[PDB]
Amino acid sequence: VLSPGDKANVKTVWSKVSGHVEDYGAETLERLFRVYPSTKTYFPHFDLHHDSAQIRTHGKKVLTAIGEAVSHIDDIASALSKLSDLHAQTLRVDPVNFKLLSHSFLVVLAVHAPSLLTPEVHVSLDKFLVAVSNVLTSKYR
C-alpha cells in the first residue's frame, strides 16, 4: 500500500528522471544484462552491445511505462494493464526478473542522484517498483 508520503516521493523521483528517460532507461537495462547475464536470454533479437539503438529504444519504452504508473499512481493496474498479459501470459517472464530490474533502476538512480536517493525515498521507490511489477505478474494464474 502506497502512502501519500510514498507517492509524493515517487513523483519527486520522476521529475529527476524526466529528461533522462532514454539515458536512464538504457543504463538500467545495461546493468540488468551485465550484472545478471541470464537476463539477456529474454532478448535474443536485440544487439546487446553497450549502447545499441535497440537497447536505448527499449530502455526508453520501459522507463516511459514506469512514468505512466507514476502519473496514474492512484491506480497503477489500469495504467499498465496492457503490459500484464504480455509479460506473464505471452512472454512468460520468470517473476524473479522484476526484482532484478527494480534493483537495476535503483542503482542507476543512486549513481545519478545520490542526494535524491535518501533512505526514505529509497523505501517509497522500492514499494512503488514492487507494486508496479506486481501488476505485471498478476496475470500468471
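From 1 onward, residues are counted along the sequence shown.
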Quick check on the record: does 45 to 53 or 84 to 92 carry the larger mean Cα temperature factor?
45 to 53
Quick one: higher average CA temperature factor, 36 to 44 or 101 to 109?
36 to 44
Would the CA B-factor of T64 place it in the lowest, middle or highest third of its chain?
middle
Is the Cα B-factor recorded for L129 in the lowest, middle or highest third of its chain?
lowest
Ranking every modelled residue in this chain by its Cα temperature factor as given in the entry, which third contains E30?
middle
